[PDB]
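First up is the structure itself, then whatever we jot down about it.
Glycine also receives a Cβ, built like all others from the backbone with ideal geometry; neighbour counts cover every protein chain displayed. Bear in mind these aren't lab numbers, they're just calculated from the coordinates by the rules spelled out.
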C-alpha cells in the first residue's frame with residue numbers, strides 16, 4: 001500500500017481509549033465503539 | 001415495568017460462599033445493564049457491582065469492598081444475573097438488592113437505579 005494508488009481519501013477526527021482497537025473495527029461494539037465511533041461491516045481504509 | 005427477584009441469601013459463616021440470583025420477568029435484561037446493591041439497616045444503599053449488556057470485563061464493575069471476592073455473571077436466555085460471593089465477611093451482612101434500567105453499559109460511577117427487586121438478606125455470622 002506504500003505505493004498503491006487511490007482516489008477520494010479523507011481523514012477522520014476521533015480519539016479512543018486505545019484498548020478497544022478491535023472494537024472500533026466492525027464486528028464488535030463497546031462503551032465508546034458501540035456509540036461514538038462506528039465502522040461499516042465493509043469499510044475501506046486501515047486503522048492508524 | 002420490569003420486576004426483579006433476589007434470592008439465595010441466608011445464614012452463612014464468615015469466609016463462606018454464596019450465589020445470589022436476580023430473576024427478571026416480563027422484560028428482557030439482555031440489552032440493559034444490571035447493578036447489584038446491598039443495604040444493611042442503618043446505612044444508606046451502597047453499590048456492590050454493575051454488569052453491562054455486553055458482560056465484558058471492561059464493562060464489569062465491582063465496588064472496593066467487593067473487589068477480588070464478589071463475582072457476577074449473566075445468562076440472558078433465562079433473564080437473570082448471578083452474584084457470587086467468595087470468602088464472605090461479617091461486613092457483607094446486608095440486604096442485597098439488584099437494580100436495572102434501560103441503560104446498557106455500566107460505569108465506575110453510574111449504576112442503574114430505575115427498577116429494584118424486593119431484595120435478599122445475606123447474613124455472615126455463626
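Note on region A:25-47: residues that are within 23 Å of residue B:31 (Cα to Cα) and either in contact with a helix residue (DSSP H, G or I) (Cβ under 9 Å, 6 or more places away or on another chain) or within 14 Å of chain B (Cβ to nearest Cβ) (or both) total 13. Number of residues in region B:89-109 that are loosely packed, with under 15 Cβ neighbours inside 10 Å and within 14 Å of chain A (Cβ to nearest Cβ) equals 3.
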